Each structure stands twice: as structure tokens, then as C-alpha cells.
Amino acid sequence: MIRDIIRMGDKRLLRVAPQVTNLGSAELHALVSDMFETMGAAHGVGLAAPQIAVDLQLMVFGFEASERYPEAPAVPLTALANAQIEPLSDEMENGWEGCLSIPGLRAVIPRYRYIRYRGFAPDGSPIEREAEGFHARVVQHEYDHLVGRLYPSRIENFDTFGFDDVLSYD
């Protein structure tokens, strides 16, 4: 079932989300299924549960082909509970981000080029991966939702922030 994606300005995007404690259950499966469905109808590459007003440490993400990032390598379809992130180097990298809770806009945002992330699949099996580049940037971005943070508070160059149909920065 497709859920409403709540928009920047809602206090529910601002909360610190608690852990998921129902791994392997029917309720988590249905929620995760809703999130992939919702991500998909809105053409997202990642979606964090608080963007659907569900206060949990959960995100889904991934795709083969993105309408919005027609330049980006495939990121595996992934549902991730209780995400923890560690930078594997200090190399920062700039890239374009948008967000389904901030429709119509995009900005350039610096993120770690290399990370490891860890957590659990919805069936409870553990997940740990090294990620680089866009894959990494997705996971760091969806993680910020779980701590009540959106991309605008990460912008360093406000010349790059604007509407997607109008921007012409490189």
C-alpha cells in the first residue's frame, strides 16, 4: 500500500527514531513492502521510514535505473533496519541530492566517498557492506532522516541549491 510522504516542515521528520525490534515479523514485512511501493511510485532512490511518519530506524533504497539520476550505477534493492554508519576514509565528495519530502529542489552536498554500513534485513539476518560513491551517499542521506536531519543543513555552497527545472550549475 502506497503511503503519504510527509514534507519538510512536519516535526516528524525532525525526531530521533527508535530501533526496530520486530525483525522477522509480518508487521515489519508489510511496512517494508509499503516503503518499497511508496519509494517506487514517487521515483525515489531511497526512502526512510520517518518520511512516511513511521518513527523507526528503517530505510529502503536501491534501483537499476533512476529517472532522476540517469547518471548513477545500480544500487542493490535493500531494506535496512538499525543502520549504523562508519566513514572508511576522510575523502569527502560533492554530488547532487534531492529528497521526496522536499519536492522540486536539489543541491550539491558533500558526503563521505567511502563508508561501511551495518544493520539487519527485515528477516533479521545481519547486513554489513562497504559502499562508495552514490551507494554510500544514498545510505548516508537516508540515515540522516533517522536522526532528524535533512540535506539543506548540509549545504556548503548555496549557489547550487534551487529548483530542478531551473538549475544549471556544474
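Residue indices: 1-based, along the sequence shown.
Checked against the other entries of this protein, residue 34 counts as resolved in every one of those spanning it, not missing from a third of them. Compared with other deposited structures of the same protein, residue 69 meets the criterion of being unmodelled in at least one third of those that resolve residues on both sides. 35-43 and 64-72 differ in mean CA B-factor, and the higher of the two is recorded for 64-72.
In the deposited entry, the Cα temperature factor of residue 22 places it in the middle third of its chain's modelled residues. Among the modelled residues of the chain, residue 95 sits in the lowest third by CA temperature factor in this PDB entry. Among the modelled residues of the chain, residue 113 sits in the highest third by CA temperature factor in this PDB entry. Residue 136: CA B factor lies in the middle third for its chain, per the PDB record. In the PDB entry, residue 102 places in the middle third of its chain by CA B-factor.
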